[PDB]
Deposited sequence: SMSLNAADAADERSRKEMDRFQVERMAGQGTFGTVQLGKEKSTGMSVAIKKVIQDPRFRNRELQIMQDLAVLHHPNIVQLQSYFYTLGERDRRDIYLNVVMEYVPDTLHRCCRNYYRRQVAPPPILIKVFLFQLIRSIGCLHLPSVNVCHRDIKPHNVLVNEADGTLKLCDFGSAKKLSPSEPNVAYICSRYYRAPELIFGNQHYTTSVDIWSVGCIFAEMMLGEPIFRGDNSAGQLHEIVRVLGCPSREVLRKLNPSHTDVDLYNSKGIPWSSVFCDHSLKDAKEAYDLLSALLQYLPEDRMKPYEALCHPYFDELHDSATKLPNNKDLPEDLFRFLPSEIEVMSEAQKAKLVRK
C-alpha cells in the first residue's frame, strides 16, 4: 500500500510520501484524483488529492490551505502534507498533491441518496449541515483570516452522514479580497454564482460565499439546484424567476418583471414543522445586494437553529449531535458581539 518512491518529483516529496499508505481511489474527475490513504504513524484516514491546475487561472490551493492549517477549525479540512509527483500517463507532468483528513462523502451524494428514494433528506440533517457550513464561512470571513472561497458547491462540501459532521474543502479558487484590488468575475460554478458576479463586477466581497451557501440550503430542500441557468444571462433570468425582479435601484447598484415563486411552492414540503423559520433564513441569505445578506455569526443565532442547542435533539440514527458544533475558536469568540456570545458560547 506504500506510495511509489519513483513517482516522487524530489527528495522532500519522497519523504512526505513515505508518511502515507494508499488504500483505494475515492473519486476522480476534472479536479484530479482523490485517494483514500492512511497516515502510517497515527492510522488516521487521509484524502490524498492530486491537483490539476488550470493555467488560465490562479490556483491558491496550497497557500490558502497552509494559512487555514493554523486555525484547526472543525468545519474546514486541515492540511497534513504536500508533495509533488511525476505524471502516470506522461512523466514530464508534475502535480501538486495535498493531504488532509478524509471525509467519507460529498453533500451532493448524501442528498442525492435521499432524493433517488423520492424523499427529502431528514430536516435535522439539513439543519446541522447548514449550521456547520455557515460556521465554515464565518471562520473564512473573519478579519484575521479574510479568505473568500469563491466556489462553494455541493461537490466541495463534505459530510459524514453517520455523525452529522461537515467540512468545507477545495480552495484552488479562493482568494483574500480587498475593496482596493481587482479580481476575476468568471469564478464559481454557475448555479452558485452571486448576482454581482453574474454582472461581471471585478470588485466584490466575501458576501459572494453567503449567496452560494443560500443556494446550497435551497438545493438540500429541493433535490436540484434552485437557479439552473444555461449561461450568464440565463442565470440572472432563473434567479429573478424564483426571487422576484428586484427594484430598478437594486439592479443599477449591481450593474422581465417576475412576481417570483413563494418558497412554499418551490419546495412542496408540508411536513417541515419550522418551514416559516427555514424560509426566513433562506431569504436573508439570498438578498440581491451583497451588503444586505445575513452575516454568518448572526445567521448562526437564527431561530431556525434553536433545536441544535437541546441535548435531547438527535440525528436520524439516534446519535448525539456533533460535539464541536458550539466549540468556537478564540479568533471567532473575540470578534462576536455580546449577543452572539450569549447565544453561541
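Undergrad: According to the record, which stretches of the deposited sequence lack C-alpha coordinates?
TA: Several regions go unmodelled: 1, 257 to 264, 355 to 356.
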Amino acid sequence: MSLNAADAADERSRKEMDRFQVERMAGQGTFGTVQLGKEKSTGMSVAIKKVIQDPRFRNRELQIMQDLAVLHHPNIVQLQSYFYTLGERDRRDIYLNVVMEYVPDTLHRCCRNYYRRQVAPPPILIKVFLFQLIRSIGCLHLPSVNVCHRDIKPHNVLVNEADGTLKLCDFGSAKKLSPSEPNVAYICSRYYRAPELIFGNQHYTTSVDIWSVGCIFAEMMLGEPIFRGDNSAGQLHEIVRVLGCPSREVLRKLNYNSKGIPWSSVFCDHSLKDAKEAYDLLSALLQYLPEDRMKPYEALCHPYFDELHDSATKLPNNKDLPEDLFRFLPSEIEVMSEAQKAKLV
From here on, numbers count along this sequence of modelled residues.
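Undergrad: Take the C-alpha B-factors listed in the entry for 43 to 51 and for 312 to 320, compute each mean, and give the stretch with the larger one.
TA: Result of the comparison: 312 to 320.
Undergrad: Mean Cα B factor from the PDB record: higher for 34 to 42, or higher for 283 to 291?
TA: Mean C-alpha B-factor is greater for 283 to 291.
Undergrad: Between 139, 110, 77, 243, let me know which has the highest C-alpha B-factor in the entry?
TA: If I rank 139, 110, 77, 243 by C-alpha B-factor, first place goes to 243.
Undergrad: From 73, 167, 228, 175, pick the one with the largest CA B-factor in the entry?
TA: Going by the entry's C-alpha B-factors, 228 comes out highest.
Undergrad: By the recorded C-alpha temperature factor, relative to the other modelled residues in its chain, which third is residue 131 in?
TA: Its C-alpha B-factor belongs to the lowest third of this chain's values.
Undergrad: Using the B-factors in the PDB entry, rank residue 217's C-alpha atom against the chain and give the third, lowest, middle or highest.
TA: For residue 217, whose C-alpha B-factor we compare with every modelled residue in the chain, the answer is the lowest third.
Undergrad: Residue 234: which third of its chain by C-alpha temperature factor?
TA: Ranked within chain, residue 234 CA B lands in the highest tercile.
Undergrad: Looking at the temperature factor on the CA atom of residue 182, which third of the chain's modelled residues does it land in?
TA: Highest third of the chain for residue 182's C-alpha B-factor.
Undergrad: Considering every modelled residue of the chain and its Cα B-factor in the PDB entry, is residue 154 in the lowest, middle or highest third?
TA: It falls in the bottom third of the chain.
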